[PDB]
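Let me begin by presenting the structure, written as structure tokens, before commenting on it.
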Amino acid sequence: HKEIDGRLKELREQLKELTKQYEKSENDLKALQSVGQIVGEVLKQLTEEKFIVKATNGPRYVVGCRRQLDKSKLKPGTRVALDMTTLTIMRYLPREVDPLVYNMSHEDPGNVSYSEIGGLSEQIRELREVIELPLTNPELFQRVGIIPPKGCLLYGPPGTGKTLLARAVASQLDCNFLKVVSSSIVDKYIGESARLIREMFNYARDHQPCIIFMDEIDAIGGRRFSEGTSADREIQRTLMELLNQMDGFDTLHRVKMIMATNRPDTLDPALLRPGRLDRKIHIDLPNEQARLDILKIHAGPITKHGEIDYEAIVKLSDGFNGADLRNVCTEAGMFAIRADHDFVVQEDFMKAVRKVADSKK
Amino acid sequence: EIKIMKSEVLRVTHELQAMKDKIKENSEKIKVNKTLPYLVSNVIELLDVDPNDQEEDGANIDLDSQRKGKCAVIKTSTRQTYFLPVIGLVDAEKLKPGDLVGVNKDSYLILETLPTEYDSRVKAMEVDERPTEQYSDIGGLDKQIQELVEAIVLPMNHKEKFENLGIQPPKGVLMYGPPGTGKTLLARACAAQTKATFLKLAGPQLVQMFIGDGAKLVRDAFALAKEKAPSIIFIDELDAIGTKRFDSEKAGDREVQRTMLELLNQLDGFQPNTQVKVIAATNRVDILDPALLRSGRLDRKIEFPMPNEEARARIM
Amino acid sequence: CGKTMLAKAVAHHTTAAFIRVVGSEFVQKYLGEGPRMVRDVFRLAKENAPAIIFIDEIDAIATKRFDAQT
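Chains as they are written, first to last, in the authors' numbering: chain L, 19 to 379; chain M, 51 to 366; chain K, 210 to 279.
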């Protein structure tokens, strides 16, 4: 009597974990019996029993639909679930494009600071005034009655580092960055560049507001000259899409565009007009006071002695951007590790700056 | 009171056996579909709400492409897309938007998860797990060695020093000078010494007939590198990966440019890794194709020193 | 420059459908599975007249060897 109770609890707990797992495997079997689901879109509704579907078990078909399904689900032009031999409409669901996370790679708006390679500050302020203000009020623009921006272009030498200037910006605006890497848009398949861009653009309008950041367009850059269609047909395919969105009845309603270009010369004649690329901003080479600031923000986290004449280094230095000064700072820091001190001197900076200058174009 | 106890111990033993029989049955079932021919497929979209999507069309005349895919998709390699509802036979969170899955061509369900990465694992990626070179056995190369040792090897180890300073390491190195000096020999000696994997990439190899293929190849190279950590990616060329033209008409040569740009952005896109070390070399003496302004780009400069008579003697 | 807007403008007033046709998304690299959806599309438009057929940027399909680097 006594013994039985004691044994009973041990075997019951053991058996329960085993019975439960096993029971799941049985559910899985039930599923292998279950029928496959073919994807279709309805072209049109013929009769209450006949539908046009263009399926992918075979070709175009006229198909049936279950008499268990609602009339309210019949809606004009929708995505449908089809069977794989009965060829009937299992379900209806409302047509949106599929969302893209395989084409939307996420870079968070605050993995950096705009006081890191700040001192590029001034260009940040001009990009902010264009972009940032529409997001806060359309109302202010509206009273006057004036069309606001859609797109902005940054071009020039990537002395900031092309991507860095932009990335710093993304952080400040704190919005929904839909990121584009240009050479994943180009593919070796038919009509994928066209399909991809379009869906991507579609997703932005539902989801609005959103910024589409295009980094280094040069897969869009190329007006041809030998008038090929070698690879060159794809160049034409993509370019045409960019213009088609603008030429449309679409309005980038709260949709923002930022473009990056290394050298500008392959722009279209329709971009000069606003209503695609409104604003095109240049790089600007820092003033010595900016330069001091940039050197100062770099020097500040890292270890040092107790006395550095900042201005002297400012003098030697010219023709650099914030990324370009940063390297000199770190360069000085290597020489200190060599010297085995956490203590720097004026000399390391003088030499560092000259070392970088020579190496340069 | 006595009775109920003793029957419950017999009940529990009987229940285990019926459930035990069920699992047995499932095991054979799954196994049969594995024996090849078998369909591997690629999951494009993870998602598990909003079914239905579309593939294929009718005909007549006038040509514009279209393709779609949603809920969860697998695209099998006859180029067919399939809608499945998830199973616990493998977990969907463990799966990704871009994963290879093993599918049971019956109900079209994911029996299993396969490893990481798709398509080519580079069409000619040479791995040298331990090079046969040592630099302690060749003297008179000495000047170049002193600079090389100091450049690569020192950040990994000496990390503790770096951390206290607060400066970060490099990531790329440039070597320039007359080819065929046995510049490469020293690169192979450092790799042997350090305990990184040496990955040899040749620049015309990235170039393909196929359109956009190279960028995938480089991205993959980078990804394989991440897994291997540490690694040396040795890039031969800065001529077939060091041109991009500044010519106005340059469009035809777009392929070459796209790949080069891809490397530079792949470097600029994020903030460094201490899993990769990259060494770049020229193969024709000196070009200008900017790729050296940041240190997430290249920043270290190694020069070949002109021949010293003393050095030649030592080699002899 | 509004070259496009005038076209739409006459269409809106006149009482006939706007059909917007992409002529450089006619272009394709090889036959396969992809371009056959628009096949059915044009023919219905002819049937249920009136309509305005506007073809945007025909040229992708129109460049052929007349330069002889195509």
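Even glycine gets a Cβ: it sits at the ideal position worked out from N, Cα and C.
- Going by C-alpha positions, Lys273 (chain K) is about 16 Å away from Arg255 (chain L).
- For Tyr239 (chain K), the number of other beta carbons within 10 angstroms of its own is below 16, and it is reported as exposed.
- Ranked by how close their Cα comes to the Cα of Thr284 (chain L), the residues L:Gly266, L:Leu257 and L:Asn305 have L:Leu257 in first place.
- Here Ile164 (chain L) is exposed. Its C-beta has fewer than 16 other C-beta atoms within 10 Å.
- By the Cβ neighbour-count rule, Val53 (chain L) is exposed, with fewer than 16 other Cβ atoms within 10 Å of its own.
- Taken through DSSP and simplified to helix, strand or coil, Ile331 (chain L) comes out as helix.
- Runs of the alpha helix (DSSP H) spanning 4 or more residues and lying entirely within the segment 284-317 of chain M do not occur at all.
- Straight through space, the alpha carbons of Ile283 (chain M) and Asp303 (chain M) are spaced by roughly 25 Å.
- Note on geometry: alpha-carbon atoms of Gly253 (chain M) and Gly262 (chain M) lie some 15 Å from one another.
- Counting only runs of 4+ residues, the alpha helix (DSSP H) found wholly inside the segment 250-288 of chain M occupies 253-256 and 263-278, in chain order.
- Taking each of M:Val268, M:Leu288 and M:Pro355 in turn and checking the Cα distance to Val335 (chain M), the smallest one comes out for M:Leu288.
- Going by DSSP, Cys83 (chain L) is part of the beta strand (DSSP E) stretching over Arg78 to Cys83.
- Each residue's CA atom was taken as its position, placing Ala269 (chain K) and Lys379 (chain L) some 40 Å apart.
- Fully contained in the segment 48-118 of chain L are the following beta strand (DSSP E) runs of length 3 or more, in chain order: 55-63, 69-72, 78-83, 97-101 and 106-111.
- Every beta strand (DSSP E) stretch that sits fully inside the segment 147-193 of chain M and reaches 3 residues is listed by chain position as 149-154, 159-163 and 176-178.
- Straight-line spacing of the CA atoms in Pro175 (chain L) and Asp318 (chain M) works out to 14 Å.
- When beta bridges are read from the DSSP output, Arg297 (chain L) appears opposite L:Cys170.
- Contact residues of the segment 19-35 of chain L toward chain M are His19, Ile22, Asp23, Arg25, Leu26, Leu29, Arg30 and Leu33 (C-beta to C-beta distance below 8 Å).
- When DSSP states are grouped into helix, strand and coil, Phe320 (chain M) belongs to the coil group.
- Judged by DSSP secondary structure, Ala242 (chain M) falls within the alpha helix (DSSP H) whose first and last residues are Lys233 to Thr244.
- Contact between the segment 138-147 of chain L and the segment 263-270 of chain L is absent: fewer than 3 CB-CB pairs across the two stretches fall below 8 Å.
- Taking C-beta atoms under 8 Å as the contact rule, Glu234 (chain L) and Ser200 (chain L) qualify, at a distance of about 6 Å.
- With contact defined as three or more Cβ pairs closer than 8 Å, the segment 268-275 of chain M and the segment 215-227 of chain M are not in contact.
- The beta carbon of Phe353 (chain L) does not come within 7 Å of any beta carbon belonging to chain M, so the residue lies off that interface.
- Leaving aside the five residues that flank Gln364 (chain L) on each side, the residues in its chain whose CB is nearer than 7 Å to its CB run, in chain order, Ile326, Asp327 and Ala330.
- In the DSSP assignment, the residues bridged to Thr131 (chain M) are M:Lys125.
- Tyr221 (chain L): member of the alpha helix (DSSP H) spanning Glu210 to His225, first to last residue.
- Distances from the alpha-carbon of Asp116 (chain L) to those of L:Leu61, L:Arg242 and L:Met218 put L:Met218 closest.
- For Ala226 (chain K), DSSP records a beta bridge to K:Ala260.
- For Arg350 (chain M), the enclosing beta strand (DSSP E) begins and ends at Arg350 to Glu353.
- At a C-beta separation below 7 Å, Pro244 (chain K) has these neighbours in chain M: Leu113, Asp114 and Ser115.
- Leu145 (chain M) and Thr163 (chain M) have their C-alpha atoms spaced approximately 7 Å apart.
- In this structure, the CA atom of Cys170 (chain L) is about 9 Å from the CA atom of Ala278 (chain L).
- Excluding residues up to 5 positions away in sequence, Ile70 lie with their Cβ nearer than 7 Å to the Cβ of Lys62 (chain L) in the same chain.
- Contacts between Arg97 (chain L) and chain M, judged by CB atoms closer than 7 Å, involve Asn102, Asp103 and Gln104 in chain order.
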